[PDB]
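The structure under discussion appears below in the form of structure tokens.
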Ligand SMILES: Cc1ncc(COP(=O)(O)O)c(CNN2CCN(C3=C(F)CC4=C(O)C(C(=O)[O-])=CN5C4=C3OC[C@@H]5C)CC2)c1O
Ligand SMILES: Cc1ncc(COP(=O)(O)O)c(CNN2CCN(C3=C(F)CC4=C(O)C(C(=O)[O-])=CN5C4=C3OC[C@@H]5C)CC2)c1O
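Chains as they are written, first to last, in the deposited numbering: chain A, -1, 2 to 19, 33 to 425; chain B, -1, 2 to 19, 33 to 425.
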């Protein structure tokens, strides 16, 4: 717990800038900006108002890690939900820290870039989010698939993958033990599957034994259909080995590009220093919109909002499941998603569905997404389809599945 | 040209993503988003309204390269202002293209990352923007400093540096010829100096002869006090070797994080692929704000706005020079700024200004910035101070230079 062995020479080289009447600053005059006030309504909520001075702040440069009121609020959220062991540690031993990012993707991308040298080994479970595979591809790592099933990563397959390395080689710089394990523990995209609490503990003990980081990409954390959320990897992180990406895109707004990253201070500080020379900071304006909403909501309002969105997505899930039962019984296999917005469907008797969907189905005015995109080798044939239930009506799902069943029959 | 010479292994490896009733999409339902309408007022202009449908768009994911209306408007802007030779070249030659970025610093950071292998040579004039120095340092390039004066880079210094290679070394992959020249041609930060039209021609000829890219970082372009703007490198780009970064930060809003990158289509494509796996897209809400303003203003509003802001900063410039003349003529030297928001002051007495500006000027009442931050070797002593004239009244300035004027007189 220095973290040096985890990171690249470029990342380690990064330095903070060498930076009443102030003539020392580089702020444009915000009085020159054309936008003067703003009012944003909130459904059954307090309107967000930027008066004259607040608008000038919204339209001006702000701190790289995020605005202070949003960072304190998010720190208290993390403490209440996850009580990470790491809040009481010194900085060097991995004290809990946070930064607002321009979506959770930015956080992840910056973390991957911080850590990966050409040839490094990284573990994850395929099928995996494609934006992650596309981020990892040009970095030259070996991606090693860990087996999974309806309950996520199978600790026993991780265990036997890891048995090719020696635990004592972890801190040897000339031995290529894995740098991290990446997973989406709730509502994995594309499969819909979630990790159980017993599996998490087992995986955490492995990460400690072989001494690698866990990158917990958890954008569907607040979209769990049975409304009991099991402990996160961050909540059990006695070692300071977890970096966690949370997203507001699925519950508050995707277009505002605001997410946040939580983890060991030294690693968060590397990410912040990279952000500082790229985007500089997240939109000051969008941070304030969100900070205002959250502060006025408090616990009462936030819980109520997330309950309503969970209730919406589980009605949708019940609908797509009804439609799959009606049309696809005996033609395909699927598990009930625990969270998220996707159903993952294995078509029986066909080796690759990409012919059938990317071509035949679209003539019929319907498309779902073939599973090839979610593998490291997307050229391999895949019998799977991802179907989203975020938007389609009960009626649209029915026709969509009616059409798919037709195609599967004709193809056979 | 083909551009492969100037692109890293990692950047060349980037691929576009893989991925009518459609269940194929990964969009969250925007009806779940809590913000519902927005009203933004514009000084002496049309109030901007986001009604319920428009708000939904503003709060949702959008294209990586930028929203189509902002793109088409920006392209017509560049054509109108710079009429670049490359608009009708085939893609592989440098066909002009453009993408919106999350500030102009994101554009520059991604261009540097796309190009630099450790050990590469890049050319630039010091003192230079601290943010580009901080971005370049971790990439492990050799920064070769090119000499400059009140008219910017001196071509003859550039000619001498380039004499260490033969013109024919450029396409020889075994020779480490420079990848690019970086400069800020108008109101350099910190110096306030600008390039003349005559030097730009001589510099472009050297870039052609030794075949390197020019990166035109031009955030202060619309802030030219000499209310006739000098032709840009982009406007003379017969070879498709220029990448230009423009910013709305000084004229519209720094906190909204909206800038644009213009240059050869194959390089623009490499930058868009990198943004797809990091920020995904610039905030859709902030793009819509800007694009409504710009389309409502048209060209009469837009040039009327810049005229008004030039006039403001021009007055601030006169005020600060009048204050530098009144209290400083003798103790320090300075050039008159051609554009931007900074005055660069050489204090004549001492080797390092950090003595009397940090410990001794903070314990007075004024702040200026030690010139140390703007050199590759920021530890080396600097007699220079950067003073901004964006904000402070004639009043405050008068006192600020009064205080400084005394502080100088005590250490002599
Ligand atoms: C020559 C040159 N080239 C590119 C850019 C980048 O412009 P964008 O289009 O906005 O990406 C610039 C502009 N450089 N500015 C200099 C000023 N700088 C910062 C401030 F003015 C203020 C500031 C704060 O107040 C602050 C805080 O509240 O803690 C933090 N920071 C601030 C600045 O940058 C560092 C951090 C984020 C912004 C960039 C250019 O001149
Ligand atoms: C498992 C997992 N992990 C992290 C993230 C990161 O999300 P953040 O929003 O950064 O917090 C995700 C989310 N993945 N989504 C998948 C879907 N994808 C895009 C769309 F859904 C829709 C979309 C459009 O409609 C669109 C347009 O209208 O032009 C453009 N684009 C769209 C997507 O991305 C590509 C471009 C921007 C975004 C990320 C996750 O699942």
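For each residue, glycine too, the CB sits at the ideal point set by N, CA and C.
Report the neighbours of residue i on chain B: residues whose CB is nearer than 7 Å to its CB, in chain order.
i	result
residue 128 of chain A	Going along chain B, no residue has its Cβ under 7 Å from residue 128 of chain A, so there is no contact; the nearest lies around 14 Å.
residue 385 of chain A	18
residue 14 of chain A	151
residue 122 of chain A	290 and 291
Which stretch, first to last residue, makes up the beta strand (DSSP E) that contains residue i?
i	result
residue 398 of chain B	397 to 401
residue 49 of chain A	48 to 55
residue 316 of chain B	Not the beta strand (DSSP E): residue 316 of chain B falls in the alpha helix (DSSP H), residues 297 to 341.
residue 113 of chain B	109 to 114
residue 195 of chain B	193 to 196
residue 135 of chain A	134 to 137
residue 229 of chain A	226 to 230
I'd like to know whether the C-beta atoms of residue i and residue j end up nearer to each other than 7 Å.
i	j	result
residue 71 of chain B	residue 301 of chain B	yes
residue 123 of chain B	residue 284 of chain B	yes
residue 268 of chain A	residue 50 of chain B	no
residue 236 of chain B	residue 142 of chain B	no
residue -1 of chain B	residue 304 of chain B	no
residue 158 of chain A	residue 139 of chain A	yes
residue 137 of chain B	residue 223 of chain B	no
residue 366 of chain B	residue 345 of chain B	no
residue 13 of chain A	residue 203 of chain B	no
Hey, could you find the ends of the alpha helix (DSSP H) residue i is sitting in?
i	result
residue 359 of chain A	Element bounds for residue 359 of chain A: not the alpha helix (DSSP H) but the beta strand (DSSP E), 355 to 360.
residue 255 of chain A	No alpha helix (DSSP H) holds residue 255 of chain A; the beta strand (DSSP E) holding it covers 255 to 260.
residue 279 of chain B	278 to 289
residue 421 of chain B	407 to 423
residue 347 of chain A	From DSSP, residue 347 of chain A is part of no alpha helix (DSSP H); its letter is neither H nor E.
residue 169 of chain A	168 to 175
residue 62 of chain A	From DSSP, residue 62 of chain A is part of no alpha helix (DSSP H) but of the beta strand (DSSP E) over 61 to 63.
residue 265 of chain B	Careful: residue 265 of chain B lies outside any alpha helix (DSSP H) and carries neither H nor E.
residue 216 of chain A	210 to 222
Between the options, which lies nearest to residue i when the distance is taken from Cα to Cα?
i	options	result
residue 262 of chain B	B/123, B/231, B/242 and B/277	B/231
residue 234 of chain B	B/193, B/191, B/167 and B/354	B/354
residue 410 of chain A	A/78, A/340 and A/285	A/340
residue 185 of chain B	B/351, B/389 and B/5	B/5
residue 79 of chain B	B/320, B/373, B/270 and B/53	B/270
residue 76 of chain A	A/16, A/312 and A/56	A/16
residue 62 of chain A	A/33, A/299, A/414 and A/139	A/299
residue 3 of chain B	B/192, B/338, B/182 and B/150	B/192
residue 287 of chain B	A/415, A/365 and A/147	A/147
residue 119 of chain A	A/364, A/401, A/421 and A/272	A/272
residue 381 of chain B	B/397, B/389 and B/172	B/397
residue 379 of chain A	A/64, A/420, A/189 and A/99	A/420
residue 92 of chain A	A/244, A/7 and A/150	A/244
residue 164 of chain A	A/66, A/205, A/112 and A/113	A/205
residue 294 of chain A	B/111, B/115 and B/33	B/115
residue 311 of chain A	A/145, A/33 and A/58	A/58
residue 265 of chain A	B/45, B/38 and B/338	B/45
Buried or exposed for residue i, please, with buried defined as at least 16 other CB atoms from any protein chain shown within 10 angstroms of its CB.
i	result
residue 198 of chain A	buried
residue 177 of chain B	exposed
residue 308 of chain A	exposed
residue 425 of chain B	exposed
residue 47 of chain A	buried
residue 40 of chain A	exposed
residue 407 of chain A	exposed
residue 279 of chain B	buried
residue 349 of chain A	exposed
Quick one: list the residues of chain A neighbouring residue i, beta-carbon separation under 9 Å, in chain order.
i	result
residue 144 of chain B	17, 289, 290 and 293
residue 442 of chain B	The displayed coordinates of chain B run from -1 to 425. Any statement about residue 442 of chain B would go beyond what the structure contains.
residue 67 of chain B	Here the premise fails: no neighbours, minimum Cβ distance about 12 Å.
Which bits of chain A does residue i rub up against, with CB to CB less than 7 Å?
i	result
residue 297 of chain B	268
residue 400 of chain B	36
Residues of chain B with a CB under 9 Å from the CB of residue i: which are they?
i	result
residue 33 of chain A	378, 379 and 380
residue 350 of chain A	What residue 350 of chain A touches in chain B: nothing, since even the nearest Cβ is about 13 Å away.
residue 339 of chain A	What residue 339 of chain A touches in chain B: nothing, since even the nearest Cβ is about 15 Å away.
Against residue i, what residues of chain B qualify as contacts under a CB-to-CB distance less than 8 Å, listed in chain order?
i	result
residue 25 of chain A	Because chain A is numbered from 19 directly to 33, the model contains no atoms for residue 25 of chain A.
Name the chain A residues whose beta carbon is nearer than 8 Å to that of residue i?
i	result
residue 302 of chain B	48
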